Each structure stands twice: as C-alpha cells, then as structure tokens.
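Trainee: Chains as they are written, first to last, in UniProt numbering: chain A, 1 to 431; chain B, 1 to 440; chain C, 119 to 185.
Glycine included, every Cβ here is placed at the ideal spot set by N, Cα and C.
Quick one: the structure is below, and I'll ask about it shortly.
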Ligand SMILES: *[C@H]1[C@@H](C)[C@H]2[C@@H]([C@H](O)[C@H]3[C@H]4[C@H]([C@H](OC(C)=O)[C@H](OC(C)=O)[C@@]32C)[C@]2(C)[C@H](C[C@@H]3O[C@@H]3[C@@H]2OC(C)=O)C(=O)[C@@H]4O)[C@]2(C)[C@@]1(O)OC(=O)[C@@]2(C)O
Ligand SMILES: Nc1nc2c(ncn2[C@@H]2O[C@H](COP(=O)(O)OP(=O)(O)OP(=O)(O)O)[C@@H](O)[C@H]2O)c(=O)[nH]1
Ligand SMILES: Nc1nc2c(ncn2[C@@H]2O[C@H](COP(=O)(O)OP(=O)(O)OP(=O)(O)O)[C@@H](O)[C@H]2O)c(=O)[nH]1
Ligand SMILES: [Ca+2]
Ligand SMILES: [Mg+2]
Ligand SMILES: [Mg+2]
C-alpha cells in the first residue's frame with residue numbers, strides 16, 4: 001500500500017505516541033499482541049498504512065521509538081500495547097539532554113542519530129511505496145525538540161521526495177516551568193519551517209485551557225492532556241487509515257492545505273468538548289457540533305481564528321449522520337463567517353465523513369485549519385524568547401555545546417518572518 | 001470495422017468507464033463473463049456492436065478499452081468485481097503512486113514512468129482493428145492523473161496515430177464533490193495542453209449532474225455511483241449511433257461535421273431527457289414532444305450555462321426508442337415558435353436528427369425509470385463558454401497570489417506554463433465571443 | 119488539373135507530417151526542460167542539507183576548541 005513510518009522522540013513524543021497507537025489499534029481491532037479481533041473489513045482495508053504484517057497474521061506498528069533517556073524505553077514497554085512494538089525499533093541513549101536543545105541536535109543526539117536512521121532505513125526498505133514520515137515530539141525539551149529536528153533533516157536528506165509530517169507539542173508555562181523552553185521551541189521552529197511539509201501545532205497552553213475551563217478539571221495530568229491529543233491525532237489521520245475520497249494520503253493533504261511552503265503550521269481542533277456534567281452528546285446536533293469545531297475554545301492551538309483568516313480548512317466528521325445535513329451546515333458556517341476565509345482561494349474548505357466514530361462517542365468532528373491567526377502562538381513564544389535572550393540568560397548551556405549566539409538571532413528572525421508572512425496573506429485582498 | 005477504442009484515465013474516468021461498459025453489456029445482451037448468446041458469428045464479426053467489442057474464439061465479447069490509473073485501488077475493484085472476466089488483465093493498468101491532485105505529477109514525474117506501457121497496450125488493441133476510427137478518452141479535469149496524464153497521452157497519441165480522431169468525455173469540477181483546491185489549475189492546464197489534440201470534447205459539469213440527481217431523482221446526497229449511472233446514459237446516447245444500426249440512425253461523425261465550425265470550437269453542450277424516478281414515471285407517458293421540449297430546459301443540461309442568452313451554431317437531436325420522424329417533426333415545429341433559439345447569422349437553423357430504435361436500458365438497483373423513448377440534444381452554443389469563464393476566474397484568484405504554485409514548480413514546471421495556459425483560455429473565451437458577433 | 123490534384127494531396131501529407139513532427143519535438147523539449155528543473159530543485163534542497171551537516175561539524179569542532 002502507501003506506508004507511513006512513525007517516529008516518536010523524547011518523553012512527550014513517546015507518551016503521546018504510545019497513546020496514538022493504543023487508540024488507533026482499538027479502532028482497527030488490533031489487540032496488544034498484534035492479532036486482529038475486529039469484525040468490519042473497513043478496519044483492515046488500509047491497515048498497512050501504519051502496520052506491518054508478520055508471522056501468524058500479526059500486525060506490528062511501523063513505529064520507531066527514540067529517546068536519550070534510557071528510562072522511557074521501559075515506560076513504553078510496560079504500558080498497554082507496549083508489547084506490540086518491534087523490539088529492534090527501540091533506540092536509546094544513556095542520559096537525557098536536560099532540556100538542552102543543543103545537546104539533542106548537535107552533540108549527544110547527533111551521536112545516536114545514525115542508530116535511528118538504520119532502523120528507519122530497515123522499515124522503509126520493506127515498504128511497497130513509502131509515502132512519508134510522521135514524528136511526535138515536544139519542542140520544549142531537548143531530545144524531542146533538538147534530536148527530533150536533527151532526525152528530520154537527516155531523513156529529508158535520504159528521502160527528499162517523501163512527505164515529512166510532525167505532531168509538535170508547543171510549550172506553555174501553565175504546564176511546565178522550565179525556563180529554557182522558549183529557546184528550545186524557537187530553535188525547533190527554525191528547523192520545522194525549513195524542513196517539514198506539514199506540522200500540527202499541539203499547544204499545551206490550549207490543552208490546559210480546555211481541561212481547566214471547559215472540562216472543569218482542577219488539576220490536569222499529562223494523561224488528561226494526552227487524551228485530547230490522541231483523540232485529535234486519531235481524527236486528523238482518519239482519512240489516511242480508512243477508505244475515503246478526501247486527503248487520503250500525506251501528499252494530497254499537503255497539496256490541499258499548504259498554499260505556500262513555509263506556511264504549513266496547522267491549528268487542530270476537536271468536537272465535542274464537554275464536561276461529563278451537562279452534555280456528553282445528549283442531542284449535540286450536527287449544527288451545534290459544526291459551530292463548536294469552529295470556535296476558539298475547541299482549538300488545540302491557543303489562537304482565536306477570528307483574529308485572522310483561514311487559508312485552507314479540512315473538516316472530518318465521524319459517526320452515523322446525515323451527509324446532507326453536514327453539507328448544509330458547512331455551507332452555513334462559511335456563509336455566516338465568510339470574512340474569516342480568504343477570498344482569493346476559492347472553495348478552500350474541504351469536508352470528509354467517516355462512518356467509524358471514535359471510542360466512546362456517537363459522533364465527533366475533527367478540524368484542521370491553516371489560519372493566519374497561528375501567529376498568536378509564535379508571538380507568544382517570541383515574547384518569552386526575548387525576555388530570556390535580552391539578558392542572555394542560560395545561554396551558556398548552548399554555547400557550551402559549541403553553538404554561537406548568532407544562531408539564536410537567526411532562529412528568532414526566521415520565526416519573526418513566518419509571523420509577518422502569515423500577516424501578509426491575512427491582509428491580502430482579491431482586488 | 002470503424003472500431004472505437006475507449007481510454008479511461010484516473011478515478012473519474014475509470015469509474016465512469018465501469019458504468020458505461022456495464023450499460024453497454026446490458027444493451028447488447030452481453031453477460032458478465034463476456035458471452036453473448038444472440039451473436040451467432042463466433043470469434044469475430046462486423047456487426048455494429050463490434051465497433052466497441054472485439055471477440056475471442058471462445059465467444060467472449062471484450063471491450064475495446066484500456067483502463068489507466070497511477071494508483072491501484074480503483075482499478076483493483078474492476079479486477080475483482082462483477083465484470084472482471086470482461087477485461088483481459090493487460091487492459092487494466094496501474095502504478096503504485098498517484099498524481100496527488102497535481103497536473104505536474106500526472107504529466108511528468110509519475111506519468112512518464114508508465115506512458116510507454118500504456119501506449120504499448122493501446123497499440124495491442126489498435127493492431128486488432130481492421131478500420132480504426134479513433135479514440136474516446138474519459139477523464140476528470142480536476143485530478144492529477146485525469147488532467148496531467150490525459151494530456152500527456154493525448155500528445156503521444158497525436159504522434160503515434162496522426163490526425164486519427166480523438167474524442168473526450170471530460171468531468172468538469174463542482175464544489176459539492178471536488179477533492180482538491182487546485183482543481184482550477186489542473187483544469188486550465190489540461191484544457192490548454194489538450195486543445196490542439198482533441199477533435200471534440202463533451203464536458204460533464206458535476207454540479208449539473210448533482211443538481212439533476214437531487215431535483216429529478218430525489219437523491220438527497222448524490223454519490224459518484226448516482227452521478228455515473230446518469231452520465232453513462234448520456235454517453236450511451238452519444239455512442240448508440242456507433243453501436244447500433246438502423247435506417248434513421250445517424251453516425252456521430254456526421255453530427256460532428258455540423259458541431260465543429262472551427263477546430264477550437266469543439267465543445268458541444270449535451271442535454272438529456274427524460275430523467276425521472278420510477279415513482280413518477282408510473283402511469284406517465286413522456287411523449288416525443290415532451291422529451292424534446294425538455295432539451296431546451298437548462299436544468300436538464302450537462303453543463304451549467306444559459307443558451308437563451310447565447311447563440312446557437314448547431315442543434316442535433318439524438319433520439320432512441322419508440323420514436324418516428326412524424327412526431328419529431330411536429331415537436332420541433334412547436335419549439336421553433338415558442339423557445340429562445342437564436343442562431344448566429346452564418347449557419348443554417350435546421351435541426352439535425354438521428355433515430356435509434358433500440359430502447360433505453362437501465363441498470364438494476366438504479367435510480368432512473370425505464371422509459372420507452374429518450375433523447376440527447378447536442379448543441380453548439382456560445383453559452384458553454386460560461387463554464388470557461390467560471391474556471392478561469394477561480395484560476396485568476398489563486399494565481400494572482402501564486403497560491404499552491406510551488407507544488408507544480410517543485411515537480412519541474414515553470415510559471416510560464418501557467419500564464420501560457422491561461423492566455424490560451426483567454427483567447428478561447430474571445431473566440432466564443434467572436435463567433436457570436438454578426439457578419440458584416 | 120492532374121498536377122493540381124497531386125499538389126493538394128501532397129500538401130495534405132506535409133501538413134499532417136509537420137503536425138506530428140512539431141508535436142513530437144515540443145513534447146521532447148518539455149520533458150527535458152521539466153527533468154532539468156526538478157533535478158535542480160532537488161539538488162538545491164540537498165545542498166542546503168549538506169550545508170547544515172557542514173555547520174554541525176563546525177559546532178562540534180567549536181566545542182572541542184573551548185575545552
Ligand atoms: C483524566 C480524566 C479527565 C480522563 C480519564 C478518562 O480516560 C477520560 C475519558 C474522557 C473524559 O472526558 C470528560 C469526561 O470530560 C476525561 O478526559 C478528559 C476530561 O480529558 C477522562 C475521564 C471521555 C469520557 C472519553 C469518552 C467520551 O469522550 C468523552 C470523554 O472525552 C472527552 C474529551 O469528553 C473517554 O473515554 C475517556 O476515558 C483519564 C483516566 C484521567 O483520569 O487520566 C487519564 O489519563 C485519562 C484521560 O485517561
Ligand atoms: N502534552 C504533553 N506534553 C508533554 C508530555 N511530556 C512532556 N511534555 C512537555 O514537553 C516539554 C519537555 O519536553 P520533554 O519531552 O519532556 O523532554 P525530552 O524530549 O525527553 O528531552 P530531554 O528530557 O531534555 O532529554 C514540556 O514543556 C512538557 O510540558 C506529555 O506527556 N504530554
Ligand atoms: N462524475 C464523477 N466525477 C468523479 C468521479 N471520481 C472523481 N471525480 C471527480 O474528479 C475530480 C478528481 O479527479 P480524480 O479522477 O478523482 O483524480 P485522478 O484522475 O485519479 O488523479 P489523482 O488521484 O490525483 O492521481 C473531482 O472533481 C471529482 O469530483 C466519479 O466517479 N464520477
Ligand atoms: Ca460475432
Ligand atoms: Mg526526557
Ligand atoms: Mg486518483
């Protein structure tokens with residue numbers, strides 16, 4: 001088929017990575033041993049996109065598990081579905097990067113990267129027709145951020161004509177008080193804007209805000225944040241994993257979502273998001289569902305889409321519902337919110353409906369927006385970056401690994417260019 | 001002889017191909033295994049249906065067709081489906097990686113890897129013809145393969161077969177079922193590239209078909225299956241002149257003489273009737289006069305446009321079923337006195353009529369009522385340029401910002417190709433304007 | 119008249135051949151121009167990545183000469 005190779009780097013990357021495989025394995029009827037115990041043929045139709053077939057009709061995730069911390073290796077393996085992963089696909093260092101991007105990207109991570117590439121190459125060589133790669137990682141730490149972006153460049157060098165997709169978790173003081181995370185994030189974005197085809201901005205700020213305000217959780221664990229991430233990741237890969245017409249592969253998605261090569265940072269969204277009290281979808285209608293997914297409160301990136309314009313949008317509805325009603329409501333939203341969609345890209349909102357709903361929901365909606373309002377995310381990081389870099393705080397962590405402060409300046413400048421470019425097309429008119 | 005070879009390109013072309021050939025089989029009494037009990041000449045013949053079907057010594061009637069797609073999953077359904085025995089495996093051709101809704105990949109990057117094989121398989125079909133008339137090419141405007149590969153194929157066919165006739169059935173994009181934002185780019189690019197290599201092209205506006213299925217067949221949300229079964233009836237009407245014989249059955253090539261006044265002006269507007277549900281067809285006879293009148297209702301057109309605000313350069317009526325000239329002549333007389341039918345001053349106003357006595361057929365599980373008589377009007381009207389205008393505007397909106405252009409450039413294309421293609425379309429719109437102006 | 123008849127069919131042949139010829143050449147030219155362009159775009163991409171590799175060596179070298 002059209003194989004995707006999954007890579008997960010660092011703590012965050014492996015945590016959300018493992019949850020991703022748990023969720024879609026259940027959807028495809030794969031149990032922790034790798035045996036299929038489902039009923040629907042739709043589950044197996046495009047299974048090879050993410051799973052390798054093995055002896056005894058076993059399905060093995062085409063997944064590569066990376067970290068400089070040796071401990072996470074055990075965390076994954078001990079978790080549910082931890083046994084399903086290929087033993088040889090675990091690649092581990094002897095100590096974490098200590099939130100040092102330079103260590104992950106230039107030194108200790110650079111010492112481990114060839115070992116990862118050997119596993120990538122082995123997986124890739126067994127592909128009928130590899131379409132591309134999928135990386136899960138955080139930008140705030142040192143390994144997922146630093147070594148993850150190193151991996152992308154090295155993979156791109158050997159697979160320059162394949163698609164590179166990332167699920168990038170953006171740092172937020174509301175979740176982590178590590179003070180160097182704005183450095184690591186800026187340095188990472190500097191890499192991502194150049195070397196990835198599409199990036200899903202999973203914002204911890206948004207994940208916290210959703211849990212605290214909407215779902216009314218006083219103290220959100222990483223497990224609760226990751227439930228939102230995994231549900232989102234299931235949604236935005238639905239079109240890749242089940243038979244369908246729209247965005248059925250990584251390249252077609254990119255061609256529909258990315259009008260300019262650098263502007264490939266997406267705002268993901270999900271609906272319903274409701275506390276157990278009140279509604280758990282008790283007559284959440286298609287109209288209500290549709291309005292919710294376009295609201296600021298349902299975005300996985302802490303940005304208000306009504307502070308910008310959509311270049312492109314992909315909407316995926318899941319569950320049994322009227323396609324006529326979905327069509328009507330999507331037209332309605334675009335009609336009533338016309339100003340927020342750029343006029344110089346006609347028909348830039350595409351809609352898919354998948355009969356298979358996610359676990360525990362009768363119907364849901366997943367949102368992928370390329371909005372100029374994402375600049376609010378980068379501006380937030382940029383502000384935090386400056387507060388540190390004006391004092392050259394903790395800068396010796398990075399120069400100590402051999403970096404120059406000029407690279408900090410260039411990364412900052414490149415992210416600033418990204419913002420102004422998103423602003424350029426926000427201000428553009430047809431006439 | 002006068003064999004016709006069909007080439008089905010990309011998902012749209014292939015899936016429409018499925019519907020057409022299923023219908024043909026039912027019209028000619030050909031079974032899914034290819035056997036045709038009524039055909040007493042085993043292993044060959046020069047009957048009318050042989051224009052579209054070759055014959056094996058074992059009695060199998062095989063479509064003179066090639067199916068081509070750059071990914072395998074659509075054609076794989078043909079290979080394992082109901083009519084899998086109908087086609088030789090070599091007629092069904094697939095790659096492993098599609099054009100990703102990119103004209104550049106269909107014409108260059110991916111297409112070039114399979115083009116020689118496709119031509120070899122087409123040659124295999126051609127060499128089995130004793131008097132090849134030409135090709136019919138089915139494809140979408142919007143897909144990467146439908147746009148890019150088709151235009152590559154058309155160019156190569158002009159080289160290998162000269163001025164041998166090439167007809168198109170082209171699927172024009174509609175937002176209700178479109179799958180790519182860049183479909184306006186792909187449409188303009190393929191139309192420009194193919195224009196000199198096509199003798200006649202029947203555009204099928206997916207929105208027109210969508211609307212017809214919604215309004216006339218009460219289908220809440222039409223699928224490709226709904227669309228394609230209707231489209232197949234219209235294609236069948238057009239090709240019936242080639243697949244059946246009869247005293248009054250005028251050949252398509254003769255309609256073409258009237259339909260193409262200049263080489264670039266080769267886009268007929270198709271209008272079909274009756275499209276009616278079984279529920280409403282019951283105890284309802286649609287007469288010749290009624291179905292003929294319906295041909296001048298723009299809601300029944302294959303392309304959304306308004307001929308009442310344009311000028312005609314030709315009008316052809318292709319009847320099938322229980323129809324005799326007396327009733328046609330009476331029907332046309334009435335229409336001449338009531339409708340908005342203005343011709344350009346440089347062409348005759350007479351309607352060209354063909355009649356095929358074989359009645360319309362329907363596929364089981366379909367939406368269309370089985371009727372005793374049907375008609376397809378083929379008109380050459382300046383109004384069809386509306387379709388160009390709408391696409392070209394969508395093209396202009398995006399191209400002014402060079403939105404998505406990097407995808408094409410990254411595959412080796414140049415901006416000069418875009419502007420060249422767009423300029424040709426501007427000239428084409430201008431052409432349709434000029435032919436409508438009165439003579440000195 | 120016979121001479122004219124010969125010249126008409128000859129002209130028909132020549133125009134058809136010229137159409138085939140020009141179609142063949144224009145296509146050959148397009149495929150070559152396209153391959154050159156794509157190769158150049160990929161080459162420029164790999165060169166950018168090679169420069170990153172060069173920079174990384176320089177960063178690691180810089181570390182050694184500070185300890
Ligand atoms: C944290 C706790 C908040 C998690 C819990 C369950 O796995 C989560 C279920 C999820 C809950 O959503 C609610 C009720 O607001 C909630 O997840 C959240 C708030 O992020 C739960 C209890 C469910 C019930 C979901 C089914 C259905 O879709 C509704 C809802 O999800 C949403 C987004 O509304 C589930 O099936 C989940 O099981 C835990 C165990 C938690 O205690 O720690 C975790 O790791 C967790 C998220 O799995
Ligand atoms: N949403 C979410 N964020 C996480 C999770 N784990 C860590 N993070 C975030 O990731 C950032 C730190 O990156 P990590 O993944 O922990 O670090 P690392 O990639 O392992 O790199 P090093 O530990 O320095 O070697 C912080 O901002 C955390 O808030 C997780 O499980 N879910
Ligand atoms: N009427 C009709 N239109 C179709 C059908 N399938 C696809 N289309 C239309 O064709 C356009 C997309 O082109 P496709 O044929 O699917 O793409 P392709 O030719 O396979 O090219 P690639 O997939 O990019 O390689 C859209 O406008 C669709 O609405 C079909 O079965 N019937
Ligand atoms: Ca015979
Ligand atoms: Mg760590
Ligand atoms: Mg296709």
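Run the proximity test for residue 151 of chain B: is its beta-carbon closer than 8 Å to any non-hydrogen atom belonging to ligand 3?
Mentor: What you label residue 151 of chain B is simply residue 151 of the second chain in a count that begins at 1. No, the Cβ of residue 151 of chain B stays beyond 8 Å of every heavy atom of ligand 3.
Trainee: Along chain B, in chain order, which residues have C-beta atoms closer than 7 Å to that of residue 129 of chain C?
Mentor: By one-based count along the third chain, residue 129 of chain C stands at place 11. Neighbours of residue 129 of chain C on chain B: none; closest Cβ ~14 Å, over 7 Å.
Trainee: Go through its chain and collect everything with a Cβ distance to residue 227 of chain B's Cβ below 6 Å, but skip five positions before and after it.
Mentor: The residue given as residue 227 of chain B occupies position 227 in the second chain. Within the same chain, residue 227 of chain B has close Cβ partners 209.
Trainee: With ligand 5 as the reference, list in chain order each residue whose Cβ lies under 5 Å from any of its heavy atoms.
Mentor: Taking every residue with its beta carbon within less than 5 Å of a heavy atom belonging to ligand 5 gives, in chain order, A:11, A:69, A:96.
Trainee: I want to see whether chain A comes within less than 9 Å of residue 168 of chain C, judged by CB atoms only; does it?
Mentor: Translated into the one-based positions of the third chain, residue 168 of chain C becomes position 50. Yes - at least one Cβ of chain A is within 9 Å of the one on residue 168 of chain C.
Trainee: Which residues in the same chain as residue 358 of chain B place their Cβ atom closer than 6 Å to its Cβ, once the five residues preceding and following it in sequence are excluded?
Mentor: The sequence position of residue 358 of chain B within the second chain is 358, counting from 1. Same-chain partners within the cutoff: 244.
Trainee: For residue 92 of chain A and residue 67 of chain A, which I take to be in contact (beta-carbon distance under 8 Å), what is that distance rounded to the nearest angstrom?
Mentor: Your numbering for residue 92 of chain A matches position 92 in the first chain. Your numbering for residue 67 of chain A matches position 67 in the first chain. By a beta-carbon distance limit of 8 Å, residue 92 of chain A contacts residue 67 of chain A. Their separation comes to about 6 Å.
Trainee: Under DSSP, the beta strand (DSSP E) around residue 167 of chain B begins and ends at which residues?
Mentor: Here residue 167 of chain B refers to the residue found at position 167 when the second chain is read from its first residue. Start and end: 165-172.
Trainee: Nearer than 8 Å: is that true of the beta carbon of residue 37 of chain A relative to any heavy atom of ligand 3?
Mentor: Here residue 37 of chain A refers to the residue found at position 37 of the first chain. No - ligand 3 has no heavy atom lying nearer than 8 Å to the Cβ of residue 37 of chain A.
Trainee: How many Å lie between residue 248 of chain A and residue 90 of chain A at the Cα?
Mentor: Along the first chain, read from residue 1 onward, the residue named residue 248 of chain A stands at position 248. Along the first chain, read from residue 1 onward, the residue named residue 90 of chain A stands at position 90. Straight-line Cα distance between these residues: approximately 29 Å.
Trainee: Mind checking whether residue 139 of chain B and residue 12 of chain B have CB atoms under 9 Å apart?
Mentor: On the second chain, residue 139 of chain B is found 139 positions in, with the first residue counted as 1. On the second chain, residue 12 of chain B is found 12 positions in, with the first residue counted as 1. In contact: residue 139 of chain B and residue 12 of chain B (Cβ atoms closer than 9 Å).
Trainee: Confirm, please, whether the CB-CB distance from residue 377 of chain B to residue 317 of chain B is below 9 Å.
Mentor: Looking up residue 317 of chain B in the second chain gives position 317. Looking up residue 377 of chain B in the second chain gives position 377. Contact: yes.
Trainee: Taking the straight line between their C-alpha atoms, what separation do you get for residue 362 of chain A and residue 281 of chain A?
Mentor: Taking the first residue of the first chain as 1, we reach residue 362 of chain A at position 362. Taking the first residue of the first chain as 1, we reach residue 281 of chain A at position 281. The alpha-carbon atoms of residue 362 of chain A and residue 281 of chain A are separated by roughly 8 Å.
Trainee: With a cut-off of 8 Å on the beta carbons, I'd call residue 250 of chain A and residue 163 of chain A a contact; round off their distance for me.
Mentor: Mapped onto the first chain, residue 250 of chain A falls at position 250. Mapped onto the first chain, residue 163 of chain A falls at position 163. About 4 Å separates the beta carbon of residue 250 of chain A from that of residue 163 of chain A, a gap short enough to meet the 8 Å contact definition.
Trainee: Among residues of its own chain, excluding the 5 on either side of residue 335 of chain B, which ones have a beta-carbon nearer than 6 Å to its beta-carbon?
Mentor: In the second chain, counting from the first residue as 1, residue 335 of chain B sits at position 335. So the list is empty, once near-sequence residues are dropped.
Trainee: Answer yes if the region 257-275 of chain A comes into contact with the region 206-220 of chain A, meaning at least three C-beta pairs across the two stretches below 8 Å, and no otherwise.
Mentor: yes
Trainee: Kindly indicate the opening and closing residues of the alpha helix (DSSP H) around residue 325 of chain B.
Mentor: Walking along the second chain from the start, residue 325 of chain B turns up at place 325. Its alpha helix (DSSP H) spans residues 325-338.
Trainee: Listed in chain order, which residues of the region 400-434 of chain B have Cβ atoms closer than 7 Å to some Cβ of chain A?
Mentor: 400, 401, 403, 404, 406, 407
Trainee: Where residue 308 of chain A and residue 428 of chain A are concerned, what is the direct C-alpha to C-alpha distance, given to the nearest angstrom?
Mentor: One-based indexing of the first chain puts residue 308 of chain A at position 308. One-based indexing of the first chain puts residue 428 of chain A at position 428. Between residue 308 of chain A and residue 428 of chain A, the alpha-carbon positions lie close to 12 Å from each other.
Trainee: Does the distance between the C-beta of residue 272 of chain A and the nearest non-hydrogen atom of ligand 1 fall short of 8 Å?
Mentor: Here residue 272 of chain A is taken as the residue at index 272 of the first chain, counted from 1. For ligand 1, at least one heavy atom lies less than 8 Å from the Cβ of residue 272 of chain A.
Trainee: Please say whether residue 9 of chain A and residue 143 of chain A have beta carbons closer to each other than 9 Å?
Mentor: Sequence index remark: in the first chain, residue 143 of chain A carries index 143 (1-based). Sequence index remark: in the first chain, residue 9 of chain A carries index 9 (1-based). Yes.
Trainee: Which partner residues does residue 398 of chain B have in the DSSP bridge list?
Mentor: For this step, residue 398 of chain B is matched to residue 398 along the second chain. The partner list for residue 398 of chain B (beta bridge, DSSP) is empty, contrary to what the question assumes.
Trainee: Got a sec: which bits of the region 153-180 of chain A sit with their beta carbon under 9 Å from any beta carbon on chain C, in order along the chain?
Mentor: 153, 154, 156, 157, 160, 161
Trainee: In angstroms with no decimal places, state the Cα-to-Cα distance between residue 221 of chain A and residue 185 of chain A.
Mentor: Here residue 221 of chain A corresponds to residue number 221 of the first chain, with the count starting at 1. Here residue 185 of chain A corresponds to residue number 185 of the first chain, with the count starting at 1. About 22 Å.
Trainee: Write down the C-beta distance between residue 311 of chain B and residue 267 of chain B rounded to the nearest angstrom, noting that I regard them as a contact closer than 8 Å.
Mentor: Your numbering for residue 311 of chain B matches position 311 in the second chain. Your numbering for residue 267 of chain B matches position 267 in the second chain. Going by Cβ atoms, the distance from residue 311 of chain B to residue 267 of chain B rounds to 14 Å, so no, they are not a contact pair.
Trainee: Buried or exposed, going by whether 16 or more other CB atoms sit within 10 Å of the CB of residue 101 of chain A?
Mentor: Stepping through the first chain from its first residue, residue 101 of chain A is reached at position 101. Buried: at least 16 other Cβ atoms inside 10 Å.
Trainee: Leaving out five residues before and five after residue 312 of chain A in sequence, what residues of the same chain have Cβ atoms less than 6 Å from its Cβ?
Mentor: Position 312 of the first chain, counted from the start, is the residue given in the question as residue 312 of chain A. These residues qualify, in order along the chain: 257, 348, 370.
Trainee: Can you tell me the Cβ-Cβ gap for residue 65 of chain B and residue 5 of chain B, rounded? I've got them flagged as a contact below 8 Å.
Mentor: As a first step, residue 65 of chain B is located in the second chain; it is residue number 65 there, counting from the start. As a first step, residue 5 of chain B is located in the second chain; it is residue number 5 there, counting from the start. About 7 Å separates the two Cβ atoms, so the contact holds.
Trainee: Looking only at its chain, what residues have a beta carbon closer than 6 Å to the beta carbon of residue 112 of chain A, apart from the 5 residues adjacent to it on each side?
Mentor: Taking the first chain and counting its residues from 1, one reaches residue 112 of chain A at position 112. Within the same chain, residue 112 of chain A has close Cβ partners 93.
Trainee: Taking 9 Å as the cut-off, decide whether the C-beta atoms of residue 269 of chain A and residue 366 of chain A are in contact.
Mentor: The residue you call residue 269 of chain A lines up with position 269 of the first chain. The residue you call residue 366 of chain A lines up with position 366 of the first chain. A contact, by the Cβ cut-off of 9 Å.
Trainee: Between which two residues does the beta strand (DSSP E) harbouring residue 45 of chain A extend?
Mentor: The residue given as residue 45 of chain A occupies position 45 in the first chain. Careful: residue 45 of chain A lies outside any beta strand (DSSP E), inside the alpha helix (DSSP H) at 42-45.
Trainee: Against chain A, does residue 178 of chain C count as a neighbour if the rule is that its beta carbon must be under 9 Å from one of theirs?
Mentor: Taking the third chain and counting its residues from 1, the one referred to as residue 178 of chain C is at position 60. Yes - at least one Cβ of chain A is within 9 Å of the one on residue 178 of chain C.
Trainee: Per DSSP, residue 320 of chain B forms a beta bridge with which residues?
Mentor: Taking the first residue of the second chain as position 1, residue 320 of chain B is located at position 320. Answer is B:356, B:374.
Trainee: Which residues, in chain order, sit with a beta-carbon under 5 Å away from any heavy atom of ligand 6?
Mentor: B:11, B:98
Trainee: Cβ of residue 142 of chain A within 8 Å of any heavy atom in ligand 1?
Mentor: The count along the first chain starts at 1 and reaches residue 142 of chain A at position 142. No; taking the cut-off as 8 Å, the Cβ of residue 142 of chain A has no heavy atom of ligand 1 nearer than that.
Trainee: How is the alpha helix (DSSP H) around residue 164 of chain A delimited, first residue to last?
Mentor: Translated into positions along the first chain, residue 164 of chain A becomes position 164. No alpha helix (DSSP H) contains residue 164 of chain A, which is instead part of the beta strand (DSSP E) from 163-170.
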